[PDB]
Amino acid sequence: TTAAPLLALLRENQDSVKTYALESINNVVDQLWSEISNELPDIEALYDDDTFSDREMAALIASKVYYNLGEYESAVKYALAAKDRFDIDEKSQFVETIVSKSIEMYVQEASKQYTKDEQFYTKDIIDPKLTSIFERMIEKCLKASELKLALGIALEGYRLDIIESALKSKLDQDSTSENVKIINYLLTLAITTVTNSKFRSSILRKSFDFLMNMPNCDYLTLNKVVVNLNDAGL
Amino acid sequence: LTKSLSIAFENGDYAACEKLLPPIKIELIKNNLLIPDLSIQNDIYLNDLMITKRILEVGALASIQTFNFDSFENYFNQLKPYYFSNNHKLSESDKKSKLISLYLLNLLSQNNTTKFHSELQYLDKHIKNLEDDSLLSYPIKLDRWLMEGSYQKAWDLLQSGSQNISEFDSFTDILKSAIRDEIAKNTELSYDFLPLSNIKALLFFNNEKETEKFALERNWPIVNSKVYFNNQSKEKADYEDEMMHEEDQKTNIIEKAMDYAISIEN
Amino acid sequence: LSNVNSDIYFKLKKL
Amino acid sequence: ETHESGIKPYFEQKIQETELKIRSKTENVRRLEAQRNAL
Amino acid sequence: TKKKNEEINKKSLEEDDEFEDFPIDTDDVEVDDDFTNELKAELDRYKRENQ
Amino acid sequence: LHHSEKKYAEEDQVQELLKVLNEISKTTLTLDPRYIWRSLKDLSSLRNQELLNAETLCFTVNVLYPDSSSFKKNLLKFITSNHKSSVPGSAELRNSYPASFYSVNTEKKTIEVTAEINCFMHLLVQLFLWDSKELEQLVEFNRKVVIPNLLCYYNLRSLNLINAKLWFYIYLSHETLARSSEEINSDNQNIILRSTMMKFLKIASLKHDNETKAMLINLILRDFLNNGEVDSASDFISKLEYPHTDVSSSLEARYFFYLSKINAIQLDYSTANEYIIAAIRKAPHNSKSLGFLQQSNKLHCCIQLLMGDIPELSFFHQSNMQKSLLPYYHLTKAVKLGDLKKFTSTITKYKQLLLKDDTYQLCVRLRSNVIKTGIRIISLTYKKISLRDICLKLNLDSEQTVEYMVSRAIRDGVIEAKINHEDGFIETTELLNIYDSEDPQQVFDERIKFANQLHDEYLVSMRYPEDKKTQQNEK
């Protein structure tokens, strides 16, 4: 019935019992969470301690409870505080909510440091964990087989590599006309979304060569690149 | 194993029961997994249940004798839903009336009126005539008298509880210190001075040693056999004035005007 | 509901 | 269809947020417009 | 009729109509003291003469 | 005879259904469709009485039926199978029109209309069950069907407004059957009822749909009062996700009723007195609110007696709610005088009546209040009074016992006095004129804010109809 047993099993001493409650909470975490938020601070203390090999599991559980309360912001932060088991969350259907929050946070910071150096993805401030969550999103997009999804999130975060990969994959030549349309949607959308000179330059240069490689593409779309960047070399 | 723990308590040699209690706490995981915490009733689970509870109950009584309040609350906590769910199949115990009474007693020693009510409501329906009121009655009578504010009455029953002892003693002592604190707090507002004899009488001190000890802890000197509440009251106001929350709590005249002006100029 | 999702990236970002 | 029912809360958050902003903006600008014209 | 669904749902939770269970089921604060008083004031005077 | 009546009855329904259907599929005006849906149900409930109620059965035969046909069959089977034209396709009154359902094209999956028709069909079904009292089997089966059907769909805001009525019905039918007489199977399902409305609170909060959120919150709080975990309610209620944005004034009144009960037992009357009065005003005042009106009056009597206040004698006298407020009346007198003896007799004699509404729980606790209230009034009258005089009047044992119940009382400043035991009287602590004091500045501060709030309210709202009227075509 109630959660009251579960709460008690944590507080009671000896390692084994504490370890056991974590698994128990996880089973009913979505169903029942009202009573378990009482003991939210305690769950956090078990993570700090290194004796449990299920510390990672302890951070994972608390984060589901925050999300459920209604506190989406509290959830993602806790999840990223630990930097443990975001992989599970990314591919979980019911909570793609806190994932959205992590994505929304990352793209802003990523934009700032792009101006400074084009690659900054493995820099100390932009934790490699953040880079990993982001690429997991890109794979989810192509699984639903929409590539607009994958493009649009990456333009916001000033990612040069991910965009380059996308344009390159459309060199399959599934059909030539059909490849051009997707490319044209991004060049119009660049004008408006991107205001940063450095990032804007870099992306148009890439797009020139991928188009240029197909001798079969319209030169209206190639013209459009030449004029925007307004480069004498292109 | 399990039957070894149950009988170790009843043996009266608790040394063996105490030292064996953490190994069986590893085994308590195993027992809990047999049952579905009565979410689906099966007679497979009826047999498992007996022995799950058996460990929790003997251990719940043990936490009191070793003064481990934390642990008593936990054992009972697990127990509660097994008794709550379902039309009878045990789902009752001889140990049940006892363990519930001690819990209640514990909340009173914390001096929490509300929490006592909260706990009561959980039980209330299932004790009305199913378990009736006859041992469960001891903490209800005590709350009642203190609510009324008849401390005389409360104190008498506490003493008489030791002639109807059922491990009542462990919460008796705590709740006696509680009585004295409560009255002391009240009597600040009433007057500043009590004759030495009046302090001893009111707060139910049995010796003048207890009286002069308590006065020191309340920051009252005893000069010429007379207390002197005058001291601490003024000193407490002084300390309170130093905090940071605070500007909005008193509300300055300057503050009051400024709020109304921007209320208008929004 | 695959259709709505696409529009967030394209149209609505501009608006 | 089944896949997209599950993955929706990523997408749904951002678009429904944005729409709410339009509803409150239109409301405000036209209320203040009436005040300005009278004065 | 728009309110009607919400109201019907709510009445059930209150307990049918306790208002109509009740008749099936089963110095205005206390009495005027002037009658008594008559008796008292007169007796005051009796004492008072002899005091 | 029978067929004609059902057909005409079905026709009446078909008219209503079509209005609300068109409405949802033509632009976004969500609030208007929702109000229409509320009236449609009531109209249909009054309708059923006459022209027979196996009009539902008729419509089931003549719609696109995914699993509604078999559910309907299930329904008649409970109440013994009565077939008489109940085989699907034995009526086609759609006739494959583009004006009233294109029978072929929906099957093909070029157009889709089973969506909304399904959501409505379960709603009709629940209404019929509760009216009749076709509980038992149908309740479990219903709960089973609706949850994967509504979660099958990519939830709208629209859809959410319909299902917040379905969620209520699931909860109600399970409860009503339960109080009739307990079963084991009923407690197994209880665990599952808590878990489903609770999980859904998070879903509804992401969608920020106001109708759904309000509803779920009421049910979860009721559930906690049923089982007696006040503690669980505390954690839940710290966060306030209760919208008050657009919900029915009736839900607002229900919410406040829960809050009162919980706070009161947690020994707060500051909030409790405000919410039960607030709820009366929010609540309609029709002949369909007799239940609600009566019970608000009953809880408020208790709240005031607990604080130490004496409610109006006039309140119970001039009421037409006096018949019911017979225990409450008697309490008020007993308390007033401080006579202990009357109080014991009152509470024992009326045990059953108070216990129905669980006000009995509150009445044990009014033992403290009998003695204390008689002394509020005695200090008021006699400024300086010997403990000796108090003891004789209210029957209280000795001057030492009275001092203890009073000492506690004045800390809390109920009585407002201070004891002098080294002289031997108790002397009321006067405040006299409070204008002279600085009391009025605080009074003002609040009131100003209330005025200010109404002005802003006037102003946002005033614009609302105006925006509509301008845009529409005028001569």
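Letters A, B, C, D, E and F mark the chains as written, and numbering starts fresh at 1 in each.
Criterion: a contact is a pair of C-beta atoms (placed from the backbone, for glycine too) under 8 Å apart; a residue touches a chain by one contact, two chains touch by 3 or more.
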How short can a path of touching chains from chain A to chain F be, counted in steps? 1
Whole-Å gap between the CA centroids of chain C and chain E: 69
The distance between the C-alpha centres of chain D and chain F, rounded to whole Å, is 31
Using mean CA coordinates as chain centres, what's the gap between chain B and chain C in Å? 59
Would you kindly tell me how far, in whole Å, the mean C-alpha position of chain B lies from that of chain A? 49
Counting only residues that touch at least 2 other chains, which ones in chain A make the list? 1-2, 97, 144
Hunt down the residues of chain E that sit against at least two other chains at once, touch-wise. none
Tell me, which residues of chain C touch at least two other chains? 1-2, 5, 8
Chain pairs in mutual contact under the definition given at the outset: A-B, A-C, A-D, A-F, B-F, C-D, D-F, E-F
Chain A residues touching chain B - in the complex, by the definition given at the top: 1-2, 4-5, 7-9, 11-14, 16-17, 20
Using the touch definition from the top, list the residues of chain A that touch chain C in their complex. 144, 146, 148-149, 151-153, 156, 185, 189, 192-193
State the interface residues of chain D toward chain F in the complex, per the touch definition above. 4-5, 8-9, 12-13, 16, 20, 27, 30-31, 34
Could you please specify the touching residues of chain E with respect to chain F in the complex? 1-19, 21-23, 25-26, 28-30
Would you mind writing out the residues of chain D in touch with chain A in their complex? 3-4, 6-10, 13-14
